[PDB]
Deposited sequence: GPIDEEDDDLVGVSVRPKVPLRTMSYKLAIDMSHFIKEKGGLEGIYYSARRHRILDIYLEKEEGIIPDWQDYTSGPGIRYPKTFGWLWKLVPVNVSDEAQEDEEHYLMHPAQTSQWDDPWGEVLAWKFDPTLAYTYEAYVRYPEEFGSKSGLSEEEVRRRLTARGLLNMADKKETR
């Protein structure tokens, strides 16, 4: 590897998997969506922050994906994937998870093949994309504050 690896004064050891790192593309997101679907990893599985991390770590291990792609829209309601090509959304379960979610909803993962062609997250919640929202900074602020997302607006 790089010559830094031969530093006798090198401190610690990297906990990063020995895979070449890469950013989640639409292509990779489609492939990983179908892989997870075929393996049965997520369909109808209750959402949790720990399972969110497990998936991030798993995809970095197997495919070197840098784990900053799995962002879903804030909600409440269906939480749409903000990385276009990821075919998995979070769906509120109406009982007759809850402590993780800022809106207090019970959420479950759901496969949606229409997410390969419709960028639902950007269509419905452009304000959650900041400077890439296609809206003025003040309109981003207005829409976020109206939804109660003051931290995101700031």
Missing segments of the deposited chain sequence, listed N- to C-terminal: 97 to 113, 172 to 176
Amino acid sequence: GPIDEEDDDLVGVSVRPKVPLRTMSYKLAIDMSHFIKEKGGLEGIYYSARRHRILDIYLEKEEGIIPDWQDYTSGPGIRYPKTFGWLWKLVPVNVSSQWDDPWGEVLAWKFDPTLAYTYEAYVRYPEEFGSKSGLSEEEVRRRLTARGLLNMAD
From here on, numbers count along this sequence of modelled residues.
Mean C-alpha B factor from the entry: is it higher for 120 to 128 or for 34 to 42? 34 to 42
Which has the higher mean CA temperature factor in the PDB entry, 53 to 61 or 84 to 92? 53 to 61
Of the three thirds of Cα B-factor ranks in this chain, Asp100 occupies the highest
Taking the chain's C-alpha temperature factors as the reference, tell me which third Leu135 falls into: lowest, middle or highest. highest
Per the entry's values, where does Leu144 land by CA temperature factor relative to the rest of its chain, in the lowest, middle or highest third? lowest
